[PDB]
Amino acid sequence: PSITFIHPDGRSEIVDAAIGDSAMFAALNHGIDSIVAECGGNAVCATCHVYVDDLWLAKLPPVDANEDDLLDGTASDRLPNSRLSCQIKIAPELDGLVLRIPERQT
Ligand code: FES
């Protein structure tokens with residue numbers, strides 16, 4: 001599938017992603033440097049932060065208890081649609097997923 005990423009400035013990048021890649025993995029492996037991801041996809045930092053598009057949130061499995069507490073330690077304050085991009089797993093149904101990246105991760 002394919003994920004759309006949007007920078008603070010509003011510009012877009014379409015990145016390939018296989019089924020099963022996290023959104024972070026997909027980002028890092030196709031040139032999206034802004035996603036710092038200190039812990040390397042290991043669900044223990046708040047630095048792979050993203051905002052899921054208002055319309056795509058519903059299609060994702062819910063945030064768990066761990067991701068939820070991680071999210072209130074973000075560098076840019078959490079929004080309703082905030083997610084940890086290493087905790088988003090890509091599936092056919094997310095082909096087209098839109099993610100916007102915060103002003104900062106650290
Ligand atoms: S990269 Fe550390 S939680 Fe996603």
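The rules behind these values
Residues numbered from 1 in each chain as written, not as in the entry; some residues may be left out. Heavy atoms only, no water. Helix = DSSP H or I, 4+ residues; strand = E, 2+ residues; numbered from the N terminus. Rg over C-alpha atoms; globule rule 2.2 N^0.38 Å. Buried < 20%, exposed > 50% of the residue type's maximum accessible area, 1.4 Å probe, protein only. Contact = heavy atoms within 4.5 Å. Areas by Shrake-Rupley, 256 points an atom, 1.4 Å probe, with all protein chains shown as cover. Pairing = 2+ DSSP bridges. UniProt positions renumbered as here; feature names shortened; annotations may be inferred. Salt bridge = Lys/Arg side-chain N within 4 Å of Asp/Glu carboxyl O.

Per the PDB record, the structure was determined using X-ray crystallography to 2.31 Å resolution.

### Some words on the overall build of the protein chain
On a plain count of helices and strands, the protein chain comes out with two helices and five strands. Ordering the α and β elements of the protein chain from the N terminus gives β-β-α-β-α-β-β. On C-alpha atoms alone, the protein chain measures out to a radius of gyration of 12 Å, which is about the 13 Å that the 2.2 N^0.38 rule sets for 106 residues. By residue count, 47% of the 106 residues in the protein chain fall in the buried class. Taking all contacts inside the protein chain whose residues are at least 6 apart in sequence as the whole, residues at least 24 apart take part in 65%. Accessible surface computed for the protein chain: about 5,600 Å², of which carbon and sulfur atoms make up 50%.

### Brief notes about the pairing of strand β2 (residues 12–16)
Direction of pairing for strand β1 (residues 2–6) relative to β2: antiparallel, over a ladder of five bridges. Bridge pairing in β2 links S2 to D16.

### Topic: the pairing of strand β3 (residues 49–52)
Side chains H49 and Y51 project from β3 onto one buried face, and the interleaved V50 and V52 project onto a second face that is buried too. Bridge analysis of β3 against strand β4 (residues 82–84) gives three bridges, and the strand direction is antiparallel. Note on β4: the bridge partner recorded for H49 is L84. Pairing of β3 with strand β5 (residues 98–100), which is carried by two bridges, proceeds in the antiparallel orientation. Counterpart to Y51 in the pairing with β5 is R100.

### Some thoughts on the UniProt feature "binding site: [2Fe-2S] cluster" (unreviewed entry) in the protein chain
In this structure's numbering, the residues bearing the UniProt feature "binding site: [2Fe-2S] cluster" (unreviewed entry) are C39, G41, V44, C45, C48 and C86. Maximum C-alpha separation among the annotated residues is 10.4 Å over a sequence range of 48 residues, consistent with a single clustered spot. Of the residues examined, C45 reaches a relative accessible area of 8% and is grouped as buried. Residues in contact with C45, not counting those within four places in the same chain, are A37, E38, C39, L70 and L84. Within the fold, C86 resides in the loop between β4 and β5. If sequence neighbours within four positions are ignored, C86 has contacts with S22, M24, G41, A43 and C48.

### Points about the pattern of salt bridges
What the rule picks out here adds up to six salt bridges. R11 is the partner of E13 in a salt bridge, and the nearest nitrogen-oxygen pair spans 3.8 Å. The residue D68 makes a salt bridge to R78 at a minimum N-O spacing of 2.5 Å. Placement of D68 in helix α2 (residues 65–71) and of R78 in the loop between α2 and β4 is noted, with a sequence separation of 10 residues between them. Relative accessible area serves as the criterion here: at 36%, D68 is assigned to the partly exposed category. Since its relative accessible area comes to 32%, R78 is described here as partly exposed. Bridged by salt links that share partners, the residues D9, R11 and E13 form one connected network.

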